[PDB]
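Asker: Here it is: the structure, laid out below.
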Amino acid sequence: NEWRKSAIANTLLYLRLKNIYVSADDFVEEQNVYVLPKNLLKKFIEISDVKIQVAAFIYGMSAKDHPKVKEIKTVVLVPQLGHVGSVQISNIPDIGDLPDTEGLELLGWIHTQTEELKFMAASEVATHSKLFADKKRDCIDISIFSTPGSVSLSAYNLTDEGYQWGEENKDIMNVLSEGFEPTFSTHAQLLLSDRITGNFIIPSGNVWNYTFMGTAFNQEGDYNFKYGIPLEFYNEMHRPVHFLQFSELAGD
Amino acid sequence: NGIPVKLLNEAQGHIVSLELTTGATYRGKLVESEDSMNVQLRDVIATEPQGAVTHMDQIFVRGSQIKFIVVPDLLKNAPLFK
Amino acid sequence: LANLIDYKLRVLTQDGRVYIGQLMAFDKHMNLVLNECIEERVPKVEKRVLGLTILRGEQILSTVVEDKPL
Amino acid sequence: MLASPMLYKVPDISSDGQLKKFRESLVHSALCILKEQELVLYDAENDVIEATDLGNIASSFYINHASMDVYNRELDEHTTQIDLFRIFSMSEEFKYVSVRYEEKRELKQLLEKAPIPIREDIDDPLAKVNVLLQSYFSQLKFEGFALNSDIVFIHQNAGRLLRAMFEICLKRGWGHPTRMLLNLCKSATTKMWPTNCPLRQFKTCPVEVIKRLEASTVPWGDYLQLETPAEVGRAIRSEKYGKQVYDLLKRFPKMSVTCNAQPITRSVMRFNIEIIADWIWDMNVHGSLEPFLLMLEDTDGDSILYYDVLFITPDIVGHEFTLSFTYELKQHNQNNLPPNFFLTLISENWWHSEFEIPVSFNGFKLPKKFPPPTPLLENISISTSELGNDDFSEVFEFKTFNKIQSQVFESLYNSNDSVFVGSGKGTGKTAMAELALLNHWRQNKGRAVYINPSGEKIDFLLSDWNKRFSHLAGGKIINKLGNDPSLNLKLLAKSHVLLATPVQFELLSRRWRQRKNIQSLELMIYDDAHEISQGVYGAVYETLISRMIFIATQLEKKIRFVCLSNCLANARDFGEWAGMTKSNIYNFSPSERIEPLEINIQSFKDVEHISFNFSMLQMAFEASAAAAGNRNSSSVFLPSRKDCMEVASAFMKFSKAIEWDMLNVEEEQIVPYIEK
Amino acid sequence: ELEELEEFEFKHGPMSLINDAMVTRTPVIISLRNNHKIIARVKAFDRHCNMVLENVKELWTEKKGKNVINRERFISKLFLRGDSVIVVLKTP
Amino acid sequence: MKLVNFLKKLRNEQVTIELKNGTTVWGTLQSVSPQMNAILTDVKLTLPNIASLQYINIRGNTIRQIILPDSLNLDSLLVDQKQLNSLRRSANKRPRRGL
RNA sequence: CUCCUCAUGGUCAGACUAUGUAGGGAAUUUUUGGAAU
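Here is the structure:
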């Protein structure tokens, strides 16, 4: 538990992309399909945790080759406080100020987990609904299953009933999740390529993980954003409390 | 202002001794001390460098002409220790 | 000059007279207040116990570290 | 060995009294392992030696070779903050360190509350070493002084080792380690963490304030953005000292940084950086100058593209300061290119500077593959006999033309069309210009414009032209233009041929409508058209070219443009815009020249901030000695007269010791020449 | 503006002698209040007539149990207070 | 400019100060105040028979002259304050330069 | 380094205290000498 064992365990996370596979769904032009690069995914895996869910937003736009294809150019990492199997996330980011944003649409969001599901769980669906309630109905989700030796990209969609369910049922609600059942989620079309690449946006304070900053995190609150390199889930910037406790161990 | 100026203002009402640039010594009660060290003195006994001593009622000497003052030891307590 | 505070110091006057006393305070003009100050003239000979004294900065030539504070 | 060969294991013994082969065998043994550690270059049979970057680092920071290869393998592209301490511990200088049973209780207390986790365990000395390192960063003095002695050792050698690792990663071009290592180096230097605020390293900043900021859980950027002093005092929630804090903030480095990238060609990419420095200087706190490491790294932050150290002096702060550099791309990154590269500035001293501005690639489209120049056919047969009138054959003081000039001669001397003659400095562009001038005269034309940007070589060329060209045609007036618009106008009238810089003749020709002499100019030689790339003046010179072409189109005038230039990849486009045809254009490669010339470029370290250093000077002297011992004559170029004087005295000192001070002439002959 | 006026007044005033001394690197002789004289070159000056003097030769007059004798010594690097200056003479 | 600053530069320098009263001082300047009050250490002092003193502070107005070592670099020490004043005081077409 | 001025941030009912790319410390009471003999 705590910082030591998981943080030490974080170094091995580059090994999880040596083997990458998905259960291959039938490719269909009828619905829009996503093209995700191998570097952004790798960096997100590195920043993420073995246990706790790490989740960012993802942005991009339609290329002129196919309007139905959506290229994910810009990952947007946001203020959040993660738990095991659940996470608290801030609002939709206001990134109009930055350059290299000419009408970048909101494609969806991405997150980590350790359980292999064909559907989105309650803690995920409720969060999805809270983010996108009245804002974008057809946005997608990327659920990354992560285990030592390989990772798996499980994409998902959502229908209009799930948003209502998330609006009504936020805290706890395990039975209404059970009744919610597998069916509502629909497996979205996602691809992994080395033929394109992308970049990250990060908050102005450059601390995206508010795990141990409990007072500073605000679930609805404004933040400035900037381009940069994101940090590790357990990184010196994310663990300031530990230094005052470390020197406080000897005291004075 | 000077801290010794502040002490010297505390010395008002006491008996002090004054040596001037000429060397004459004036002992008496200090009436008034300005910021410029000009001092008003009462009932002064004066000892000249030749040794002759005189008495005078009211004397006022310029600051610039004073070599030094000696003030009573009462003031040494405070608050200039800080 | 702040390090010299509380020390026993020897001040040489304009007229050549030597004063010795504890340095309690100074100011911009280098007016010094000297506690338990005594005067020596020729070098002990002609030594007098003055007591608490101010000295003017216009008259002061130099000061040296005499002894440690009381 | 000489004294007792078998004691120290000389096998050679009777053989080689001087132990030549024993010495050489040890050298072989050394250079194998060194080469394995990529410290030096070596070849067994050919036997050539040169030093590498890693070897230079080991030399500078005096790292043992074992420590060196340990760094080599244990450092990786993906290595993280946890692994950095482990590698530091693995450094061979700690081989003699071992854990102790009286140390063990304090170790146990530490490793619980240690911020940076340890993959190893209490029994292992490496773990003890890096926890001592952590304590040192965190300022922990100790009671049990065994630990404190070890941490003294770490105090003296730690910034060394860490700084070495950082330099190594920087040479390797690895993004994840280099930034974290730079932070660690800073932490060894200034003794603090990132989470401890940078206000700690100010000597005048008080203790209560820094405690309050540590405990306030606030991003550093916000405090830096705060301006109003009273508002800073309110933000730091103590009304006292706020003004002091704000003063010290403006004494903390703050940079408004911008970068505009732009491709030169498809492979080469030039970055124009605008680096502004807003902070106010202090000689006490900042020191002599501010070294700032400028990192150009990829979109992930994985590998380093390009790096440089730059010195911000007291003079630069507040000025708008541009910095330029070039980078060649990869093959795949050439084909498909990223959304942006990250440009990050970090202070080698100041904490949490961290200014990273994205270098924007959005729809940057690279140009086409470079087209090769027109081929050089094998023909020598063109000579001075081919030209029509034989008075023009007494000019060139040679008979047979060059290989490159023979190629252009047909379009040049015979026809009147617009010619891009093109390339090379050595191959005479002067000669080709002369031929063009003769062709122009031959048709009873008479107005000629020879334009070179270099005003000193214009004068030389005038001195050579007026004594010879002018008298053969027999009337022609060759002149150079002066600063006056009026005087150079009267010259524009009086003179058949005008020689001027682009600035001069553009200024005179700006009114073509009003000066009708300039509407009538039939022939032009644009000499060194490759200098249109050069700064604003090149832009002036293309303004002149564009103006002339606009005059040709507007007036329906036949104006023969002879564009003389250097080797240019984009040359054909340049000729196209000038009213030319692909057949008329002649572009050649630099390798086409007739005197094969070895360009030997040699790179040295820490030279970016200086005109020259002492190794450069030695190598120059060695080259000069090679030339002087040979029959060749040699020359060296220098930035200033001051630099020339310095190098001259230096050369004399080098020469006086060695055999050659030689002037190849007696010492009594030289004074008669230098009498003045 | 004030700085400009001060420098100018200094240039056209009596100060012009010590300004001219620094620029020409000419020797000047200074009659001091100690009844000693300093003939030297002016390396630097001040409004108070504080001066950095090089190649100092100071000349003085001493009385003994017979005829008055002049005495002199060389001080290569000398810095001088401004109040000791009675007179600064510039000459060939 | 102000020569007193030039004296401020003179810390850790061995000097012989002649004084208005005629006193000769020999010692290493620890500091000089802007008043030109000079504090020195390891001082041999001769009043107009030398007295050896750990530390001596002299009031600036009493200083007649201070004789500096001949090794001192006056060219370098004199020019400071002007540079400090200059530091206190301190579009397309930018690159005259090209590629 | 020190005192003043000024600016400032704070506190108290003008004073005090930290900081300052600040100005200053030659015309009567102090630091640019009425001292010299």
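Protein chains in written order, with the deposited numbering: chain A, 2150 to 2401; chain S, 4 to 85; chain P, 12 to 54, 76 to 102; chain D, 948 to 1623; chain R, 17 to 108; chain Q, 1 to 48, 78 to 119, 138 to 146.
For every residue, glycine included, the Cβ atom is placed at its ideal position computed from N, Cα and C.
Mapping the DSSP letters down to three states, classify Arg144 of chain Q as helix, strand or coil.
Answerer: Locating residue 144 of chain Q in the sixth sequence gives position 97, where the first residue counts as 1. Correct three-state label for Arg144 of chain Q: coil.
Asker: Of the choices A:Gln2338, A:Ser2211 and A:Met2322, whose alpha-carbon is the least far from that of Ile2291 of chain A?
Answerer: Working through the first sequence from its first residue, we reach residue 2291 of chain A at position 142. Here the closest residue by C-alpha is A:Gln2338.
Asker: Rounded to whole angstroms, what's the CA-CA distance from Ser2396 of chain A to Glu1090 of chain D? Just pull it up for me.
Answerer: On the first sequence, residue 2396 of chain A is found 247 positions in, with the first residue counted as 1. On the fourth sequence, residue 1090 of chain D is found 143 positions in, with the first residue counted as 1. Roughly 15 angstroms separates the two Cα atoms.
Asker: Quick one: what does DSSP say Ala27 of chain S is sitting in, helix, strand or coil?
Answerer: Taking the first residue of the second sequence as position 1, residue 27 of chain S is located at position 24. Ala27 of chain S: coil per DSSP, three-state reduction.
Asker: Rounded C-beta distance between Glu1381 of chain D and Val1444 of chain D? I'm assuming under 8 angstroms.
Answerer: Mapped onto the fourth sequence, residue 1381 of chain D falls at position 434. Mapped onto the fourth sequence, residue 1444 of chain D falls at position 497. Going by Cβ atoms, the distance from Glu1381 of chain D to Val1444 of chain D rounds to 11 angstroms, so no, they are not a contact pair.
Asker: Does the Cβ-Cβ distance between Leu84 of chain P and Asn46 of chain P come in under 8 angstroms?
Answerer: Walking along the third sequence from the start, residue 84 of chain P turns up at place 52. Walking along the third sequence from the start, residue 46 of chain P turns up at place 35. Yes. Within cutoff.
Asker: Identify each residue in the region 1073-1106 of chain D for which the Cβ-Cβ distance to at least one residue of chain A is less than 7 angstroms, and report them in chain order.
Answerer: Of all residues in the region 1073-1106 of chain D, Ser1085 and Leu1087 have a Cβ within less than 7 angstroms of some Cβ in chain A.
Asker: Could you confirm whether any beta carbon from chain Q is found closer than 8 angstroms to the beta carbon of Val97 of chain P?
Answerer: Position 65 of the third sequence, counting from 1, holds the residue named residue 97 of chain P. It does: the Cβ of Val97 of chain P has a partner Cβ on chain Q nearer than 8 angstroms.
Asker: Per DSSP, which one or two residues make a beta bridge with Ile1222 of chain D?
Answerer: Within the fourth sequence, the letter at position 275 stands for residue 1222 of chain D. DSSP, once it has assigned bridges, lists D:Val1204 and D:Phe1268 as partnering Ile1222 of chain D.
Asker: Measuring only the C-alpha atoms, how far is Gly1106 of chain D from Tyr1083 of chain D?
Answerer: For the purposes of this step, residue 1106 of chain D is identified with residue 159 of the fourth sequence, where counting begins at 1. For the purposes of this step, residue 1083 of chain D is identified with residue 136 of the fourth sequence, where counting begins at 1. Cα to Cα, the separation comes out at about 11 angstroms.
Asker: Which same chain residues end up closer than 7 angstroms to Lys1316 of chain D when comparing Cβ atoms and leaving out the 5 residues on each side of it in sequence?
Answerer: The residue given as residue 1316 of chain D occupies position 369 in the fourth sequence. So the qualifying residues of the chain are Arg1213.
Asker: Given a threshold of 16 other Cβ atoms within 10 Å of its Cβ, counted over all protein chains shown, does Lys1133 of chain D qualify as buried or as exposed?
Answerer: Locating residue 1133 of chain D in the fourth sequence gives position 186, where the first residue counts as 1. Per the 10 Å Cβ criterion, buried.
Asker: For a contact meaning CB atoms closer than 8 angstroms, what does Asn86 of chain Q contact in chain P?
Answerer: Within the sixth sequence, residue 86 of chain Q is the residue found at index 57, counting from 1. Chain P residues near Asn86 of chain Q: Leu12, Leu15, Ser94, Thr95 and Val96.
Asker: Just checking, does the region 1015-1030 of chain D make contact with the region 1118-1138 of chain D on the three C-beta pairs under 8 angstroms criterion?
Answerer: Flag = yes, the region 1015-1030 of chain D and the region 1118-1138 of chain D touch.
Asker: Where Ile95 of chain Q and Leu1171 of chain D are concerned, what is the direct C-alpha to C-alpha distance, given to the nearest angstrom?
Answerer: The residue given as residue 95 of chain Q occupies position 66 in the sixth sequence. The residue given as residue 1171 of chain D occupies position 224 in the fourth sequence. For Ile95 of chain Q and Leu1171 of chain D, the distance between alpha carbons rounds to 48 angstroms.
Asker: Per DSSP, which residues does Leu33 of chain S bridge with? Please list them.
Answerer: Within the second sequence, residue 33 of chain S is the residue found at index 30, counting from 1. S:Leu44.
Asker: Return the bridge partner residues of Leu45 of chain P from the DSSP annotation.
Answerer: Mapped onto the third sequence, residue 45 of chain P falls at position 34. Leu45 of chain P is bridged to P:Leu34 and P:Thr85.
Asker: Return the chain-ordered list of same chain residues with a C-beta closer than 6 angstroms to the C-beta of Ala1013 of chain D, the five sequence neighbours on each side being excluded.
Answerer: Residue mapping note: residue 1013 of chain D aligns to position 66 of the fourth sequence, counting from 1. So the list reads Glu1039, once near-sequence residues are dropped.
Asker: Between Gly31 of chain S and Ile48 of chain S, how many whole angstroms is the CB-CB distance? I'm expecting something under 8 angstroms.
Answerer: The residue you call residue 31 of chain S lines up with position 28 of the second sequence. The residue you call residue 48 of chain S lines up with position 45 of the second sequence. Going by Cβ atoms, the distance from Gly31 of chain S to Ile48 of chain S rounds to 7 angstroms, so yes, they are a contact pair.
Asker: Got a sec? Which residues, its chain only, sit under 7 angstroms from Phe1559 of chain D by beta carbon, not counting five neighbours each side?
Answerer: Within the fourth sequence, the letter at position 612 stands for residue 1559 of chain D. Closer than 7 angstroms at Cβ, skipping near neighbours: no residue.
Asker: Specify, as a first and last residue, the run of the alpha helix (DSSP H) that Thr2308 of chain A falls within.
Answerer: On the first sequence, residue 2308 of chain A is found 159 positions in, with the first residue counted as 1. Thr2308 of chain A -> no alpha helix (DSSP H), and no H or E assigned at all.
Asker: With three or more beta-carbon pairs closer than 8 angstroms as the criterion, would you say the region 1288-1296 of chain D touches the region 1229-1243 of chain D?
Answerer: As far as the Cβ criterion goes, the region 1288-1296 of chain D touches the region 1229-1243 of chain D, which means the pair count is three or higher.
Asker: Inspect the beta-carbon positions of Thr46 of chain Q and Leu19 of chain Q and report whether they are closer than 8 angstroms.
Answerer: Taking the first residue of the sixth sequence as position 1, residue 46 of chain Q is located at position 46. Taking the first residue of the sixth sequence as position 1, residue 19 of chain Q is located at position 19. No; because the gap between Cβ atoms is not below 8 angstroms, this pair is not in contact.
Asker: Hey, quick one: how far does the beta strand (DSSP E) through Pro1238 of chain D stretch, first residue to last?
Answerer: The count along the fourth sequence starts at 1 and reaches residue 1238 of chain D at position 291. Where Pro1238 of chain D is concerned, the enclosing beta strand (DSSP E) stretches over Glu1237 to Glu1244.
Asker: Looking at chain Q, which residues of the region 51-67 of chain R have a Cβ within less than 7 angstroms of any of its Cβ atoms?
Answerer: For the region 51-67 of chain R, which is checked against every Cβ of chain Q, the residues closer than 7 angstroms are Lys59, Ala60, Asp62 and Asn66.
Asker: For the alpha helix (DSSP H) that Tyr1193 of chain D lies in, which residues bound it at each end?
Answerer: Within the fourth sequence, the letter at position 246 stands for residue 1193 of chain D. Run containing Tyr1193 of chain D: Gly1189 to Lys1197, per the alpha helix (DSSP H) assignment.
Asker: With DSSP as the reference, identify every bridge partner of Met59 of chain S, one or two as the case may be.
Answerer: For this step, residue 59 of chain S is matched to residue 56 along the second sequence. Answer is S:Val47, bridged to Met59 of chain S.
Asker: Taking only the alpha-carbon atoms, compute the straight-line gap between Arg1389 of chain D and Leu1276 of chain D and give it to the nearest angstrom.
Answerer: Within the fourth sequence, numbered from 1, the residue matching residue 1389 of chain D stands at position 442. Within the fourth sequence, numbered from 1, the residue matching residue 1276 of chain D stands at position 329. If I take the Cα positions, the gap works out to 51 angstroms.
Asker: According to the neighbour-count rule (16 or more other Cβ atoms, all chains shown, within 10 Å of its Cβ), is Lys2191 of chain A buried or exposed?
Answerer: As a position in the first sequence, residue 2191 of chain A is number 42, starting the count at 1. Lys2191 of chain A is buried by the Cβ-count criterion.
Asker: Closest to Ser2326 of chain A by CA distance: which of A:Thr2335, A:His2336 and A:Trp2314 is it?
Answerer: Reading the first sequence from its first residue, position 177 is the one you call residue 2326 of chain A. It is A:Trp2314 whose Cα lies nearest to the Cα of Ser2326 of chain A.
Asker: Enumerate in chain order the residues of its own chain whose CB-to-CB distance from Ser1203 of chain D is below 8 angstroms, with the five nearest sequence positions on each side excluded.
Answerer: If you number the fourth sequence from 1, residue 1203 of chain D lands on position 256. These residues qualify, in order along the chain: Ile1223 and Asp1225.
Asker: What span of residues does the beta strand (DSSP E) with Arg21 of chain P cover, start to end?
Answerer: Position 10 of the third sequence, counted from the start, is the residue given in the question as residue 21 of chain P. Residues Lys19 to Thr24.
Asker: Is there at least one Cβ from chain P nearer than 8 angstroms to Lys32 of chain S's Cβ?
Answerer: Position 29 of the second sequence, counted from the first residue, corresponds to residue 32 of chain S. Chain P, which has no Cβ nearer than 8 angstroms to the Cβ of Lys32 of chain S, makes this no.
Asker: Using a beta-carbon distance below 8 angstroms, is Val42 of chain S in contact with chain P?
Answerer: Walking along the second sequence from the start, residue 42 of chain S turns up at place 39. No, its Cβ sits nowhere closer than 8 angstroms to a Cβ of chain P.
Asker: Taking only beta-carbon positions, decide if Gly54 of chain S is within less than 8 angstroms of chain P.
Answerer: Position 51 of the second sequence, counted from the start, is the residue given in the question as residue 54 of chain S. No, no contact with chain P.
Asker: Whole angstroms are fine: how far does the CA of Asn86 of chain Q sit from the CA of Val68 of chain R?
Answerer: Taking the fifth sequence and counting its residues from 1, the one referred to as residue 68 of chain R is at position 52. Taking the sixth sequence and counting its residues from 1, the one referred to as residue 86 of chain Q is at position 57. So the two alpha carbons sit approximately 22 angstroms from each other.
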